[PDB]
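Structure first, then comments.
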Amino acid sequence: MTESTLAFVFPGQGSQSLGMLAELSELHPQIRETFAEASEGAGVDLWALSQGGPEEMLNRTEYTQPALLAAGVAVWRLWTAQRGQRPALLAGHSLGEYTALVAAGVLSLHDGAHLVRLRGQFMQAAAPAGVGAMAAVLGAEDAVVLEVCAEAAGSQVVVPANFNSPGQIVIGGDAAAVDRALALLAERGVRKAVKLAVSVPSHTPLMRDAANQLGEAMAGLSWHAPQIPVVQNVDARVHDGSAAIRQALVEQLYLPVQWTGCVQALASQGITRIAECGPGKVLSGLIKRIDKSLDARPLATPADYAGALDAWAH
């Protein structure tokens, strides 16, 4: 039935690549069928975009989001059809939380794809290119980064946007303020700090109004009871009922992703095995840093998929 030790996690912005899932698609016709279904909701051919580009559009968040949602749901449908063990819990990183809700049966794939295209649009409009920035800070203490953000802000916004693992925090906000934070980190000795290519300062106060727009978009859709609980990013908790799940998604947009917290919450609930259900191996890398005992495996490629399917055989 359900495997009590297994969770699935779904990747978000940053995990996309040209040709993602190409090799799995060659083996499994369901993959392109899932993209076609998602594409109807999104208003764009997500398979064509993800395989052929243009990469510039694929990397623009209003497109990346439905593309990655389609990708995670495609791998989910493959695993579930091929008799992989059913996970007892789900989570996902930012966009990935929506992928999790589709996997849980809360939203249809059509609606999920439509919703995250809108989510990306609202986010992009909140911070037109040039306005926002994000930066990863590696190997520092959380406290150092948090005090630096407060000191750098001035009249602008710079805040922790992702708690990704011990020694990985992403900060975000106004471009000038992120740059000031980077300067202060540099004068404090913290060198491993790289500005990300993303133009959108997700999970910062600059998304507050976009979050309200998101809330209105969500309320026009049909929400179903989850078949598998979803540990949500805003507070690393499962939320009960439509109103609470949606409120946690609204809050998610302008508050930090508690990725460390979500993984710790999974582990505290008896999870020992985690599949990364979608492209890349980013979450698997974070998980290995958060809790070295967890068996974290990507499913993005034929060999990794087959390896997981075999090692966790039911």
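Chain labels run A, B, ... following the order of the structure tokens; each chain numbers its residues from 1, and ligands are numbered from 1 in the order shown.
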
Those of segment 11-220 of chain A in DSSP alpha helix (DSSP H), formatted as a ChimeraX atom specification: /A:22-27,30-42,46-52,55-58,61-81,95-103,109-126,142-152,175-187,208-219

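For segment 274-280 of chain A, the set of protein, DNA and RNA residues having any atom at most 6 Å away, when counting only C-alpha atoms and skipping those fewer than 5 positions along the same chain, is residues 6, 7, 8, 9, 10, 15, 71, 72, 75, 296, 297, 298, 299 and 300 of chain A.
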
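Among the candidates A:165, A:212, A:65, A:34, the residue lying nearest to residue 116 of chain A is A:65 (atoms considered: only C-alpha atoms).
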
Contacts of residue 4 of chain A within 8 Å, only C-alpha atoms, excl. fewer than 3 positions in-chain, as a PyMOL selection string: chain A and resi 87-88+270-271

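Of the listed residues A:260, A:108, A:293, A:204, the one whose atoms come nearest to residue 41 of chain A is A:108, with distances taken using only C-alpha atoms.
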
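Atom CA of residue 202 of chain A is found 23.3 Å from atom CA of residue 242 of chain A.
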
Could you please write out, as a ChimeraX atom specification, every residue of segment 57-134 of chain A that DSSP assigns to strand (DSSP E or B)? /A:86-92,132-134

Just N, CA and C atoms for this one: save the residues we selected as a compact mmCIF listing (two decimals), in the first residue's frame.
```
# COMPACT_ATOMS: atom_id res chain seq x y z
N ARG A 86 4.51 3.53 -2.78
CA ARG A 86 3.85 4.82 -2.53
C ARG A 86 4.44 5.54 -1.32
N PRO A 87 4.86 6.81 -1.50
CA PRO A 87 5.38 7.55 -0.37
C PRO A 87 4.30 7.88 0.66
N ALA A 88 4.70 8.00 1.93
CA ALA A 88 3.79 8.33 3.01
C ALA A 88 3.64 9.84 3.16
N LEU A 89 4.64 10.59 2.67
CA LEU A 89 4.61 12.06 2.73
C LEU A 89 5.25 12.65 1.48
N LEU A 90 4.85 13.88 1.15
CA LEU A 90 5.40 14.65 0.03
C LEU A 90 5.85 16.03 0.50
N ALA A 91 6.78 16.62 -0.25
CA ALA A 91 7.12 18.04 -0.09
C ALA A 91 7.75 18.52 -1.40
N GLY A 92 7.89 19.82 -1.58
CA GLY A 92 8.59 20.30 -2.77
C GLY A 92 9.10 21.68 -2.53
N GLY A 132 15.08 43.13 -8.88
CA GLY A 132 15.35 42.12 -7.85
C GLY A 132 16.63 41.34 -8.06
N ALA A 133 17.06 40.64 -7.02
CA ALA A 133 18.20 39.75 -7.10
C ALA A 133 18.09 38.69 -6.03
N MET A 134 18.74 37.57 -6.29
CA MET A 134 18.94 36.51 -5.31
C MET A 134 20.39 36.08 -5.29
```

Have a look at A:257, A:129, A:248, A:225 and name the one nearest to residue 171 of chain A; count only C-alpha atoms.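 Distance minimum relative to residue 171 of chain A lands on A:257.
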
Using only C-alpha atoms, which protein or nucleic acid residues come within 10 Å of residue 131 of chain A? Drop anything in the same chain fewer than 3 positions from it, and give the result as an NGL selection string. :A and (126-128 or 173-176 or 199-201 or 206)

Which of A:113, A:265, A:282, A:101 sits closest to residue 229 of chain A [using only C-alpha atoms]: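 Smallest distance to residue 229 of chain A is found for A:101.
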
Surrounding residues of residue 181 of chain A excluding itself and chain neighbours under 5 positions, 7 Å, only C-alpha atoms, as a list in words: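 Contacts, with the query itself left out: residues 148, 149 and 152 of chain A.
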
Just the selected residues (N, CA and C atoms), exported as a short mmCIF file (atom, residue, chain, number, x, y, z; two decimals), in the first residue's frame, please.
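Saved result, part_37.cif, follows:
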```cif
data_model
loop_
_atom_site.label_atom_id
_atom_site.label_comp_id
_atom_site.auth_asym_id
_atom_site.auth_seq_id
_atom_site.Cartn_x
_atom_site.Cartn_y
_atom_site.Cartn_z
N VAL A 148 23.68 40.25 8.84
CA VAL A 148 24.14 40.99 7.65
C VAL A 148 22.96 41.55 6.84
N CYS A 149 21.93 40.73 6.63
CA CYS A 149 20.75 41.19 5.90
C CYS A 149 20.11 42.40 6.57
N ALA A 152 22.35 45.49 6.05
CA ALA A 152 22.42 45.94 4.65
C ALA A 152 21.13 46.58 4.12
#
```

Between A:306, A:184, A:198, A:228, which has the minimum distance to residue 13 of chain A (counting only C-alpha atoms)? A:198

Got a sec: who's within 7 Å of residue 168 of chain A, counting only C-alpha atoms, leaving out chain neighbours fewer than 2 positions off, as a CSV table (one decimal) with C-alpha atoms, in the first residue's frame?
```
chain,number,residue,atom,x,y,z
A,136,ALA,CA,23.4,31.9,-2.6
A,137,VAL,CA,25.7,32.1,0.5
A,138,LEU,CA,27.6,29.0,1.1
A,139,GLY,CA,29.4,27.7,4.2
A,163,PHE,CA,17.0,28.0,4.2
A,164,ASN,CA,18.3,25.2,2.0
A,165,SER,CA,20.7,23.3,4.2
A,166,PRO,CA,23.2,24.1,7.0
A,170,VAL,CA,19.7,32.1,-0.4
```

Considering only C-alpha atoms, state which residue in the set A:287, A:20, A:73, A:218 is at the smallest distance from residue 35 of chain A.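 Among A:287, A:20, A:73, A:218, it is A:73 that comes nearest to residue 35 of chain A.
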